[PDB]
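Take a look at the structure set out below.
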Amino acid sequence: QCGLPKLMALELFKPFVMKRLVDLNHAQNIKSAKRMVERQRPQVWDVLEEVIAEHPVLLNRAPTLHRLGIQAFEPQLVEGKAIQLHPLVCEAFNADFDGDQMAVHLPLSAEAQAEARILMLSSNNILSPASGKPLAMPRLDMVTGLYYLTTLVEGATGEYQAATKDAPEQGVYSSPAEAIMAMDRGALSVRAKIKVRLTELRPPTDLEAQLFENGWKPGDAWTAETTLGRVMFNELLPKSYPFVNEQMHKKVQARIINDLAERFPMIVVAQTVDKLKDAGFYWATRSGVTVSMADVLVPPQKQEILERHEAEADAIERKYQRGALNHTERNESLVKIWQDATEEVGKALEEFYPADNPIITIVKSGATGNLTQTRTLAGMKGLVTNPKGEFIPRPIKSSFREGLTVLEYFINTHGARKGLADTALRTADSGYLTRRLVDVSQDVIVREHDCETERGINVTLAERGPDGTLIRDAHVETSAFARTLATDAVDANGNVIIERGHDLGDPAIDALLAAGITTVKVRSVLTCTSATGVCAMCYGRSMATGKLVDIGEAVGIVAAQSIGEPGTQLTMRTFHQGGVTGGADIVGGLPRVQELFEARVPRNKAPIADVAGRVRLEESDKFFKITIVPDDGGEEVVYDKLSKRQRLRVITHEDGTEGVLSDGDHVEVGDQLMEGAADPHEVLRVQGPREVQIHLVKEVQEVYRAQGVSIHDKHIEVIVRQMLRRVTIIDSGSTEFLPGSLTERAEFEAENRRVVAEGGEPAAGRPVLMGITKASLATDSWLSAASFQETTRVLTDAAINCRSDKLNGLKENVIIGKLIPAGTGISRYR
Amino acid sequence: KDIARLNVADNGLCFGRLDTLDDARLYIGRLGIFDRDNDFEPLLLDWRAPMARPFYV
Amino acid sequence: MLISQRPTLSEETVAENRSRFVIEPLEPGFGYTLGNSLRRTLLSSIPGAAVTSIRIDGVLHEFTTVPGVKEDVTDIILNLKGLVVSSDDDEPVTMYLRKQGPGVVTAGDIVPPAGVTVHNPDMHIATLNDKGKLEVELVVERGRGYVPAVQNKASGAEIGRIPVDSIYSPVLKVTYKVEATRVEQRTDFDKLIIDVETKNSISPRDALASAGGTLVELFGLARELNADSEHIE
Amino acid sequence: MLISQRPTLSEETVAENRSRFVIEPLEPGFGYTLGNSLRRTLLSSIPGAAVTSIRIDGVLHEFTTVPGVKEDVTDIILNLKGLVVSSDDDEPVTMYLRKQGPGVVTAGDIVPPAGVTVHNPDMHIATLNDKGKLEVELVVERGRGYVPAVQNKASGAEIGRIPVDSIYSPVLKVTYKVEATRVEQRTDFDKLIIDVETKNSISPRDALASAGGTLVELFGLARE
Amino acid sequence: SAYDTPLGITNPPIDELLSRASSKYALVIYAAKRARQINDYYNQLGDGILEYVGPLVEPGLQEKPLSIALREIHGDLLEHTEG
Amino acid sequence: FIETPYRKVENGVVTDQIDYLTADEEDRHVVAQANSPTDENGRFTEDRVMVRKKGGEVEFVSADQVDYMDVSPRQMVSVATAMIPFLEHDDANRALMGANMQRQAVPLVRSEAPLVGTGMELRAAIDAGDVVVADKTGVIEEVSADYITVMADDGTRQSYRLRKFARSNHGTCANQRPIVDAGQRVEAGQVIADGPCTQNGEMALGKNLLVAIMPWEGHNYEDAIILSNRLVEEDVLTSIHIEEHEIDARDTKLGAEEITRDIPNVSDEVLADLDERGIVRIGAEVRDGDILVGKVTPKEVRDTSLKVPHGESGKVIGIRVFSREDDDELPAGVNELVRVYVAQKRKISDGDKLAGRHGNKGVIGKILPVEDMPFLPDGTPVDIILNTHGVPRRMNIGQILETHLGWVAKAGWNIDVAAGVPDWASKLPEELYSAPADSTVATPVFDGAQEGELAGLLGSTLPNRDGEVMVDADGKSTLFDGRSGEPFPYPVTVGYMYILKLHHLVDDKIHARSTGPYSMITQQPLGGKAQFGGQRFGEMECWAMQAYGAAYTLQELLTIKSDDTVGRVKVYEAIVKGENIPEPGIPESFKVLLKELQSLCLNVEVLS
Ligand SMILES: [Mg+2]
Ligand SMILES: [Zn+2]
C-alpha cells in the first residue's frame, strides 16, 4: 500500500477517468471529459476510486543503486499533497522524511501491470538479492518497542517468588487474558516473570519432546515460565512457530524472519512484519524513552583519566624539547595517547550508565546509534582532523553536554566541512566500478535448468581442534549457504546425510554440523558447462525468493549492483589534488578490487611455488634467495631478486608459532612465499582455470569483509566467470582456428569435438585471463560492436562472413527497441 | 603508516651506540622506541633526532 | 445539532464464546472516545461469580503437591480458576468436591447447591492416580472484574485456606481497533472494531448490552444537569 | 462482593467560567476512560456560535487597509476571531457596526440583533484617528467544531464579502484527575474529578450536559 | 495455509499461483494474455461470443480483468504451453 | 584585506585598547581567548592560558607569552549563526543546516519572538532595514496603517510611508505595521514599525510551541513530526504568499496586440470578473485556467490571454499597468504591459517542512485534533511532538536545552535566596534571580546558560494558576493519552521550542503528468515543473528494471512515453476507448538505421 494524493492521481490516470466518465454518461464526448477533468469537477472524484483500484504504481527514489529502489505499491487515495510510504520500505530506498522526495511511474500494459504486481510488489521483496537478509524488518521505533516489551525486569509488579508456603505460588496465571486483567488493575507488569498456562502457543522443542509424545495439538495446555510481553509477541508470529522467550534485539528479529521465510510462505512473513510494526509502534510510545539533560550522565573518572594522560602528554613534549624526539613523531605519540583515553571514557561510560537509560537503550537495542556518539555526547569528542586529513594532537576534552569552547568548535568545523565532498566523490568512484561490472556482466542470464555436470568446488563447513566439538566456519552464509550439492554428502560410515541436488540452508547445515562434516563439494558458475550463460543448479537459489532461481533471471546485473552499492563503505585513493603517492603504505580497498577485476599485476607482489617440495633460504644484504627442491621430481627452482622490505610468509600453524617461512620447510604448489599478493597469471600458468577463479573470489571477499560488507560469493563467481571465458591458440588441430587468435571456450569445444570425420587431431588452445574491461570488448555481436567505435571493420568482416545476430547480451535489443532476452522477454515466456 | 614503518624497521634496527661523557648510552637506529611507563624514557632514538646528531657530525 | 448518517452496529460470530462487533460510520474521533470505555466496562462492570478461595485435606504447611493426585497444587488451582460458576446469593457460598477413588475428576463431580450452577462440567480438574482420593472446599461468591488474592489474614481463622485471584467477569478478552472509512467521498471517519471473548455463562452481545446500559446510566447522570442541546440520531 | 452504591455526580463552582465535578464511587480502571470520553466530546462536539463572514465598506479583500485605522484587515480579522457570541436561532443573522473618529473600537460597539449576545464587550478590535470610519457587518451562524473559510465562489453572487475561519467551541480547557480513594478501605474504588473551563457563551454544567447526552445517544446503540 | 485474509492485490496469493505454473515470469504472461482475452471479450458485443470464452469465474463490481485472470488461475481453470 | 579586532595585552593585564589586525599581522603574535579569566582590572587568574598561534596551532602557554586577546566570543560567527542558542552544544553540520534553514523561513501573518533567544536579534533587524526607526527625536502626531507622521523637537514634521502587502522577490509578503500610539515621545533610532518577521524590533522568524520529546504511534518516524490542529485554527503557522503574472501587448506586424474584453467566442461567464478593459477585477478569486487579462493578437483575431497557471489560485490584490499612451517607458516593440498580483493564505499542512535553529528539521506526517494530543494534568495539550531517536545520533541537543529554558521562561522563576544563593547560582547575574511568566531571556552562543544555572533553575518554575507544578527538576511532566485516557507510564520531557516554517512547501513540489508538450529536439517530454514535464528514467533505473526481469515496463518506458511519437497517440486512443493497449509488432527505432545501412549496399533481412 502507498498513499497517493487526489491531485497527483487525477493526472496520471486522466485517460481512464475520461473513459469512465463517458461510459457513465457524465460526459457525452472525450472533449467534455477532458475539460471536466481539467476543471476538477465534483464528479471525477467518485470515478477515480473505481479505476485506481488493483492498478499498481512504481515508486522510485534516486540514486537507485539496486532493484529495491523501485517498488510496486497499491494506491490508496488520500487527501493531501504528500505521498504516504510504509516505514519498512525506507531502508532499501534509503529514504527519510526530512524533506526527501519520491517519483511515481504508472504502467499501462497488462504485462507491465503484472510484472509490478508479481515481481516488484513490496510484499515479495522482503529480502536482499545480495545476502538473503530481510530489509523490511522493524527499524528503530519498532525495535525499541519490541526490546522493551520482551525484556525482563527483576523486582517488577506481580513477579514470581514462590511465596514460601505462606501462599503457594504468588504469581501464576491460568491464561494470558487473566494476566492482561492483572496488568490493567496495576497488579502485573508486562515485563515481570510469571508462569502462564498456554494452549494456542506451540512450545519450544526442548520441552515439546518432554511434554508431548504424539505432536502438540492446539488446545494441549502447557506451562511457560516467562513474561507477558514475550507472550503477546509470540501471539504475532504464526500458529505453528515455536516459543522464543528471548529479548528481541534486532539480530533476534532478523534471525526469526529468516527462519520464517525458510519455513513459511512470504505473504505470512509480510503479515508478520506488519504485526510487529503495529506492536513496536505501540510499545515505543509506552516505553519511556525520551531525552533530557538528566538522562545524559557523565562518569566521574573522566577528569582522573585526563589528568593521568596529560602527565604523559607533558613528559612527551619534555623529551621533544630535550631533543629525544622529532615533531611529527611527537604528534604520532600524542595521538596514540589521546586514543587510549577516549577509549577508557567510552568504557567507563557504557559501564556507569544503567540499562533503563534511554540513550543506552536505543543503542543496545539495535534501533539506532553507536557508543561512539554516546561518548561524544556525554564523554569527549576526542581528536579531530585538519583539512589535510591529519590529526590535531590537542584533543577536544569537552562534550556536547558540557559545551565546546570556541577553539574546539573551530577545529571541529575543519573536518566537518571535509565530509560533505568525500560523501560525493565516493559516489563517482563507486559508479565507475559499477559501470565496469555491469558492462562485463549484463549477459549472464540463466538459460537452462541443469548443465548436467558433476564438477564443483570444495567448501569448508566447520573446523574442530584439540576440543571435541566442531567450530563452525565464519564464512558459511556466503560460501556454502544457498548452494546446490554436487555429491551426496557422507560421514565416515558411507550413507548419504544430504543428497545430490539439495539446496543447502540453515537446517541442512545444522544437520551436516550435527554429524560432523568439515568439507563439502558444491556447484558453482565457475564450473557450469553451459554454452550461453549459467544453469540454475550451478548458480543456486535466489537470495530474494529463497527458492531455486528461475530461467531467464538476469544474475549479472544483481552481482554488479550488490558489489558496487557498498563501494562507499570502502577505503579509496586520497582525494587530494597532488602530493606523494600514498601507495608507499598499504591501500587495500577499492584499489585492490579494481586491480583484481582488471587482473593487472599487484604492487606488493610475491612469488608462488612452481613445484612442491622443500625450501632453502639464503639472505644477502637486502636480498632474499629462495630455492625450492622438489620432493619427487628434480631440477631445483629458484627465486633470487626478492626485496627484503617485502617480508617472508607467516604460516602460524595450530601449535608451533612457525610464523616466518623457514629453511627446512615444505611448500606446496601455490604457496605464497612472501607476505603480499600473487599475480593471477602465475597462479594460472601453475594451477589452471579453476584455482585462479577461487583466488580472485577469495581476495575480493577478503577486501569486502575487512570493511564489513557481506556479499554472497556467487556474484563474484559471475564476475570472474566473465573474466576467464576465452583461449589463445597456437595449434589449430583438425579444427580450423587461426593459430594466433583468441576465441571462446564453448566454440572451442563445439568445433573441436564434433569432428568425428576428419578428426585426426583435435584442437589445441590455452586459456587467457583478462580483465572485465577487455572481457567486455570481446563480445560476439556486430550490433554491440558498432555500438562502440570501428563500425566499418566490423560491418565489412561481418558482411563478408554473412553473420547472424543472436540477440542475447541485451545491450543491442534496446538499440533496436526490442524486449530484453531476460526474465519476461525470452521465447520460452514471450 | 605506523605498520609500514615497523615492517621496514624490521631490517637493521640499531645502527650504533653513542657512549657520552656522562655514561648516557644512546642507541641509534631507525625508529623511536620509548618506555611508556618510565617517563617516556627513550630506548631507541630515531636517526633524524637532534640527539642522534653526534652520529653523523 | 443533528448527526449525519445514523451509525449502525453489526456482529460476526467467529466462534460461539467469541465474537467481533463493528460500529460504523462514526464521526471522527468518536472511535477512541468510547473504545476504551466499552473495553473497560465489559471487563469490569458486569457481575459474575468465581472461586475466591479453596481448602484441601493434606496441604496445610507445604503447598507443592497433594499426595494421591498426579497434578500438583498449582495445576488444580489453575483449573479451578477456569471454573465457570454462577450464583444468586451475593454472599460467600461454600461448596465441596469429594472424589475418594482412583480415576479422573471434573466439574461434573461437584454437588452444587440449588442456587449455584456450573456451565463447564466437562472441564478437567485432576486425574486421580491408583489409590488416590481428593477433597476440596470452595468459597464461591460474586463481584466485578478481576480482584487478586486477599491474604490480609495475619492470623487466619482457617488453616490450609488458599485464596485465588478471582475472575468475576464473564468477559475474558476484549480488544478494539479503529480504522478509517469513507461515506461518499469525505474520509477520515472512524470505523470501530471490537472483539469479545467471554465464558459460556453469557453471549457477547448480552455483555455488550450490559456495558451499554452502564454507560447510559453514567452519562445520564452527566446529562441530568440541564438536558438540552446535544447530538441526536 | 457486589456494591450497590451507585455513582453520584456533585458539582463545585471554582469561578464563573470554570467548574469542577466529582463522580463517585467508581470501579477501578474506570475513571480515566470516562474523563477522556467527556474531555473529547467537550473539546470536539459542543455546539456554539461564531462569526462566519464579514463585510467592510470600502475594502475588497483581506490584503488591504482602511484609512484612519491602525490595524489592517488581517489583524482586524485575527481579532474578530477571538469574539464570543451566542445565537439562539438555527439560522444566519447579520450584526452591524459603525464607528467614527478618534475612538478605540471594542466589541462593546456591535449592536447585535434580538437573540444574539456578546460576552466580551471589552475586546479590542482596532483604534482610529480623526479620519477613521470603521463600518462593518458580521454574519453569525450556528455550528460546531472548526470550519475553515467557505470560499466565495462556492456560495455565489458575492463580491467584497470576506469569509473567515469559524471556531464553534464554547469549551476552552478540560482536564481530570482520579483519586483512587477506597470506601472504608474495605474494597477498591475510584473518584473522578473532572475540571472544565469555558468561554462564557455557556456554562460548564450545560456543556457537560450536552456531552453526556451525545454519549448516551451513542452508547445506546449497543442496546438493540 | 495458516494465514489471514489476503488483502487487495495479495488475493489471490502468490505461492499458490507459482505452483500453477513453472515460474513467476510465465505467470506474468499467463495472466497478461488472459487479461487481453477478457478485455477483447468485453469490448466485442456485436460479434457473437465465440473464440472468446469470457471470464470463467463470476466478476465483481468491475474486478479488472487481471484480477479475474489470477483468480481463475487460482481455481485451476486454465492450461498453458510454453515456447 | 579583511580585518578583525583584538585587545592588547601588555604584561598579562588585558588593556582596554583595540587593534584591528589582519591575518599577516595576527600570525606574528599569540592571540588569546575571550573566556580567559580576569581578577583585578585585567590580570589573568590562571598560569597556563589557552591561545592560538601562526598555523592555528592551539596551545596552552604561560600568560606572560601573550600579546593580544579576543574582544568577545561569537567573533568568528556570523549573524545567522550568532542567533542559534546553545551552539557549543550542537555539532557543525546541523548548525550549518540551522543557519541555512533560518535563511529560508517564510514570514507569518502575526509574528512572535523567541522566549529563549540570543542577544543578536535586535540588531539583525535594525541593521537590516525592514524595521522603521526614528530619524529624529520627537512625539507621534498621526498613526495609520499606511502612513505615520512625527513632529520632532526642532519642529520639522517627518512622514514615514509603510509597505503593505508588497511582494518580495521570492513570493513572500512584505507588510509593515506600526507599534506606536499617538502622543508617544519616541527617541532617535527608536523602532516605529515592525517588519515581516520582527516583533518590537527583534527577529521573529518562527513561533514558540509546546513540545514533548517522545515517540508516538508511528506518525513521527524517521524525522517526521506531528502537529495539533490548533496551529491551523488560530492561524499560527500561516503565511501569505503573493504571485506576479505579466503580459505584454507588443507589435506583430499583422496589426496590434490588443487588450480587450470582446474575446473570441467563449463563455461570457469567464468574462464576468473582468473590468471594462478586459482586465481582471480586484478582490475576485481565481483558479487554474481562470482568465486574468484578455489579450488579442491579430491573426482576424485569436485568443492568447493570460490564464492562471497549473496549481495556483488566490485573491487579486491589485494591478500595475504600463501604457505607451503615457510614454513612460517600454522596451523595443511594446505598447502595453499588465502585471497582476494574486495572494494566497497558506496554512501548515501534511508535507510542509518545519525546523528549528539547531538543524532539527522534518516534514509533517500527522495533524491531530487537540482531543487526541498528549495533554498535561492542567489540560494543556502539547502542540508539536518530536521523536527521541533523532537527537543523539544527530548531535543537536541544543534543542533539549532550548526546550528546558523555554519552559523556565514561559513559566517564570524565583530562586529562594532566603538561605543564601545556591552554589549553582554563584555565577548568575543578579536581576536573573527571578522573572515573571512569558519572560524573555538571552543565551549568547558561547557565553550563556550553563547546566548548573539550568538544572536547579528548572525546579523554581513558578507554579501554574492552580498551584500545581507541571514539570519537575529534570525537565519532565506526566502526560495523558488523549485517545486512551491513561497516563503514559513514564515522565516525558516537555517544554517550549522555537520552530520555523520554511519555503519548502508541498504546493510547490507536487508535480504530475500524463500528456502535454514535448521538446521537438530530443522529442521527449520537457524537463521541469513549470515546463509541465516528466521525470527522468535514467540508466541505473534501467539496470534496476532489468534485474527484476521486467522487459515490458522497460519497452513501455523507452518507447511509448518519450520517443515513440506514433505510439503515444495509439495509446491515448486505446485507453480512452478501453481496448487492449497495443504492442509494437516489430521494434521501431530500427527503421532509419535499416534504411541507411541498406543505402550503403549492405543487405539486411529482418528474419522471422
Ligand atoms: Mg533526507
Ligand atoms: Zn551448471
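If you're wondering about the labels, chains in the C-alpha cells are A, B, ... by order shown, residues count from 1 in each chain, ligands from 1 in order shown.
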Please tabulate, as a tab-separated table, the residues of chain F that come within 8 Å of chain E, each with its closest pair of atoms and the distance in Å to one decimal, counting only C-alpha atoms and ordering rows by chain, then residue number upward.
residue	atom	partner	partner_atom	distance
F:549	CA	E:25	CA	8.0
F:578	CA	E:43	CA	7.5
F:579	CA	E:39	CA	6.7
F:580	CA	E:36	CA	6.1
task: Pick out the residues no farther than 10 Å from ligand 2, counting only C-alpha atoms and all ligand atoms, and list them as a PyMOL selection string.
output: chain A and resi 446+448-456+523-530+533-540
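Using only C-alpha atoms and all ligand atoms, residues with at least one atom at most 7 Å away from any atom of ligand 1 are residues 95, 96, 97, 98, 99 and 100 of chain A.
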Closest contacts (chain D/chain F, max 8 Å, only C-alpha atoms) as CSV:
residue,atom,partner,partner_atom,distance
D:32,CA,F:485,CA,5.3
D:33,CA,F:485,CA,5.2
D:35,CA,F:485,CA,7.3
D:36,CA,F:485,CA,5.0
D:37,CA,F:485,CA,7.9
D:39,CA,F:371,CA,7.2
D:40,CA,F:371,CA,5.1
D:43,CA,F:371,CA,6.2
D:44,CA,F:371,CA,7.0
D:60,CA,F:283,CA,5.0
D:61,CA,F:283,CA,5.4
D:63,CA,F:165,CA,6.4
D:64,CA,F:164,CA,7.3
D:65,CA,F:145,CA,6.6
D:66,CA,F:145,CA,7.6
D:67,CA,F:144,CA,7.0
D:68,CA,F:144,CA,5.4
D:69,CA,F:144,CA,5.3
D:70,CA,F:145,CA,4.3
D:71,CA,F:145,CA,5.8
D:72,CA,F:145,CA,6.2
D:74,CA,F:109,CA,8.0
D:75,CA,F:110,CA,8.0
D:128,CA,F:144,CA,7.9
D:129,CA,F:143,CA,7.7
D:146,CA,F:233,CA,7.0
D:152,CA,F:285,CA,7.7
D:153,CA,F:285,CA,7.7
D:159,CA,F:284,CA,7.1
D:160,CA,F:283,CA,6.6
D:165,CA,F:233,CA,7.4
D:167,CA,F:233,CA,7.3
D:173,CA,F:379,CA,6.0
D:174,CA,F:379,CA,5.4
D:175,CA,F:379,CA,4.5
D:176,CA,F:377,CA,7.1
D:177,CA,F:377,CA,7.4
May I have the residues from that selection written out with C-alpha atoms, as a compact mmCIF listing (two decimals), in the first residue's frame?
# COMPACT_ATOMS: atom_id res chain seq x y z
CA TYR D 32 -9.62 7.87 33.35
CA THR D 33 -11.67 6.48 30.46
CA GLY D 35 -12.82 11.56 31.94
CA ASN D 36 -11.30 11.18 28.50
CA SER D 37 -14.59 10.40 26.74
CA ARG D 39 -12.96 15.64 27.54
CA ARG D 40 -13.06 14.63 23.88
CA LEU D 43 -13.33 19.79 23.17
CA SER D 44 -14.91 18.49 19.95
CA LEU D 60 -12.38 44.36 -1.28
CA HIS D 61 -10.18 41.68 0.35
CA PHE D 63 -4.95 42.25 1.90
CA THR D 64 -5.55 46.00 2.14
CA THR D 65 -6.09 48.75 4.70
CA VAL D 66 -8.83 51.09 5.85
CA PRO D 67 -7.91 54.79 6.07
CA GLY D 68 -7.58 56.31 9.51
CA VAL D 69 -7.28 52.83 11.04
CA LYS D 70 -4.12 51.41 12.59
CA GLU D 71 -4.76 47.68 12.03
CA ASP D 72 -5.01 46.18 8.57
CA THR D 74 -5.84 40.95 8.54
CA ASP D 75 -5.28 41.92 12.17
CA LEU D 128 -8.95 55.03 14.93
CA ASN D 129 -7.97 58.66 14.42
CA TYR D 146 -13.71 24.13 13.33
CA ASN D 152 -16.63 32.84 -2.03
CA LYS D 153 -17.36 31.26 -5.43
CA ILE D 159 -18.12 40.33 -4.07
CA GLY D 160 -16.35 42.23 -1.31
CA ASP D 165 -12.30 30.63 9.76
CA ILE D 167 -14.44 28.08 15.53
CA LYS D 173 -10.00 23.88 28.74
CA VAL D 174 -10.87 20.45 30.10
CA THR D 175 -8.96 18.03 32.29
CA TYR D 176 -9.39 15.45 35.01
CA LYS D 177 -7.70 13.62 37.84
- prompt: Residues at most 7 Å from residue 21 of chain F, counting only C-alpha atoms, excluding those fewer than 4 positions away in the same chain, as a ChimeraX atom specification?
  reply: /F:3-5,25-26
What's around segment 106-123 of chain C at 7 Å? Count only C-alpha atoms, leave out sequence neighbours fewer than 3 positions away in its own chain, and write the answer as a PDB file with C-alpha atoms, in the first residue's frame.
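Now in part.pdb:
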ATOM      1  CA  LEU C  83     -14.271 -22.995  36.594  1.00  0.00           C
ATOM      2  CA  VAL C  84     -17.379 -21.276  35.253  1.00  0.00           C
ATOM      3  CA  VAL C  85     -19.768 -20.966  38.193  1.00  0.00           C
ATOM      4  CA  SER C  86     -22.834 -18.780  38.687  1.00  0.00           C
ATOM      5  CA  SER C  87     -24.767 -17.742  41.777  1.00  0.00           C
ATOM      6  CA  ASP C  88     -27.626 -15.693  43.183  1.00  0.00           C
ATOM      7  CA  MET C  95     -19.081 -25.941  48.171  1.00  0.00           C
ATOM      8  CA  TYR C  96     -17.284 -29.276  48.316  1.00  0.00           C
ATOM      9  CA  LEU C  97     -15.703 -31.744  45.909  1.00  0.00           C
ATOM     10  CA  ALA C 126      -7.447 -33.689  38.411  1.00  0.00           C
ATOM     11  CA  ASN C 200     -20.085 -19.848  28.339  1.00  0.00           C
ATOM     12  CA  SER C 201     -22.154 -18.103  31.036  1.00  0.00           C
TER      13      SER C 201
END
DSSP on the backbone, then: every residue of segment 22-86 of chain F marked strand (DSSP E), written as a PDB file with N, CA, C and O atoms, in the first residue's frame.
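Dumped everything to result-v1.pdb:
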ATOM      1  N   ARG F  48      48.514  28.722  32.957  1.00  0.00           N
ATOM      2  CA  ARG F  48      48.624  28.115  31.632  1.00  0.00           C
ATOM      3  C   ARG F  48      47.339  28.431  30.870  1.00  0.00           C
ATOM      4  O   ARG F  48      46.379  27.657  30.902  1.00  0.00           O
ATOM      5  N   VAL F  49      47.325  29.566  30.179  1.00  0.00           N
ATOM      6  CA  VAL F  49      46.154  30.010  29.432  1.00  0.00           C
ATOM      7  C   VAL F  49      46.241  29.475  28.012  1.00  0.00           C
ATOM      8  O   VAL F  49      47.327  29.227  27.483  1.00  0.00           O
ATOM      9  N   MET F  50      45.088  29.314  27.374  1.00  0.00           N
ATOM     10  CA  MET F  50      45.000  28.679  26.069  1.00  0.00           C
ATOM     11  C   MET F  50      44.895  29.741  24.986  1.00  0.00           C
ATOM     12  O   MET F  50      44.188  30.741  25.148  1.00  0.00           O
ATOM     13  N   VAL F  51      45.605  29.522  23.880  1.00  0.00           N
ATOM     14  CA  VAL F  51      45.765  30.518  22.829  1.00  0.00           C
ATOM     15  C   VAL F  51      45.872  29.811  21.485  1.00  0.00           C
ATOM     16  O   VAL F  51      45.973  28.586  21.406  1.00  0.00           O
ATOM     17  N   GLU F  59      47.338  26.023  21.613  1.00  0.00           N
ATOM     18  CA  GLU F  59      48.296  25.550  22.598  1.00  0.00           C
ATOM     19  C   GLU F  59      48.017  26.221  23.932  1.00  0.00           C
ATOM     20  O   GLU F  59      47.511  27.344  23.986  1.00  0.00           O
ATOM     21  N   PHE F  60      48.367  25.527  25.008  1.00  0.00           N
ATOM     22  CA  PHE F  60      48.427  26.139  26.323  1.00  0.00           C
ATOM     23  C   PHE F  60      49.813  26.733  26.523  1.00  0.00           C
ATOM     24  O   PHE F  60      50.823  26.107  26.189  1.00  0.00           O
ATOM     25  N   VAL F  61      49.856  27.948  27.066  1.00  0.00           N
ATOM     26  CA  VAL F  61      51.091  28.711  27.181  1.00  0.00           C
ATOM     27  C   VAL F  61      50.995  29.588  28.417  1.00  0.00           C
ATOM     28  O   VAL F  61      49.907  29.886  28.912  1.00  0.00           O
ATOM     29  N   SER F  62      52.150  30.023  28.908  1.00  0.00           N
ATOM     30  CA  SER F  62      52.175  30.893  30.072  1.00  0.00           C
ATOM     31  C   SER F  62      51.577  32.248  29.721  1.00  0.00           C
ATOM     32  O   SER F  62      51.821  32.794  28.642  1.00  0.00           O
ATOM     33  N   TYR F  68      47.977  39.527  22.549  1.00  0.00           N
ATOM     34  CA  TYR F  68      46.689  40.048  22.124  1.00  0.00           C
ATOM     35  C   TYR F  68      45.601  39.160  22.707  1.00  0.00           C
ATOM     36  O   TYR F  68      45.877  38.168  23.386  1.00  0.00           O
ATOM     37  N   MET F  69      44.353  39.518  22.425  1.00  0.00           N
ATOM     38  CA  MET F  69      43.222  38.832  23.025  1.00  0.00           C
ATOM     39  C   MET F  69      41.964  39.191  22.253  1.00  0.00           C
ATOM     40  O   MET F  69      41.854  40.284  21.695  1.00  0.00           O
ATOM     41  N   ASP F  70      41.021  38.257  22.229  1.00  0.00           N
ATOM     42  CA  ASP F  70      39.778  38.456  21.506  1.00  0.00           C
ATOM     43  C   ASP F  70      38.811  39.269  22.349  1.00  0.00           C
ATOM     44  O   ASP F  70      38.655  39.029  23.550  1.00  0.00           O
TER      45      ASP F  70
END
query: Leaving out segment 44-47 of chain B and any residue of its chain fewer than 4 positions from it, which residues lie within 8 Å of it when counting only C-alpha atoms, given as a VMD selection string?
result: (chain A and resid 324 to 325) or (chain B and resid 14 26 to 34 51 to 53)
Please save C-alpha atoms of the selected residues as a PDB file, in the first residue's frame.
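Listed below is the output, selection_23.pdb:
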ATOM      1  CA  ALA A 324      64.999  12.947  22.044  1.00  0.00           C
ATOM      2  CA  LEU A 325      62.096  13.182  19.602  1.00  0.00           C
TER       3      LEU A 325
ATOM      4  CA  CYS B  14      70.022  -0.343  15.713  1.00  0.00           C
ATOM      5  CA  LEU B  26      72.197   6.439  23.345  1.00  0.00           C
ATOM      6  CA  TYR B  27      71.324   3.622  20.972  1.00  0.00           C
ATOM      7  CA  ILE B  28      70.721   4.991  17.473  1.00  0.00           C
ATOM      8  CA  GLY B  29      68.518   3.216  14.958  1.00  0.00           C
ATOM      9  CA  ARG B  30      65.730   3.986  12.502  1.00  0.00           C
ATOM     10  CA  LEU B  31      62.734   4.208  14.841  1.00  0.00           C
ATOM     11  CA  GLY B  32      61.722   5.796  18.114  1.00  0.00           C
ATOM     12  CA  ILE B  33      61.179   3.301  20.929  1.00  0.00           C
ATOM     13  CA  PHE B  34      60.259   4.779  24.317  1.00  0.00           C
ATOM     14  CA  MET B  51      70.339  13.985  19.941  1.00  0.00           C
ATOM     15  CA  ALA B  52      71.072  11.497  17.169  1.00  0.00           C
ATOM     16  CA  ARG B  53      73.282  14.199  15.633  1.00  0.00           C
TER      17      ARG B  53
END
- request: Would you please give, as number ranges by chain, all residues of segment 210-404 of chain F that DSSP assigns to alpha helix (DSSP H) based on the backbone?
  value: F: 230-233, 398-404
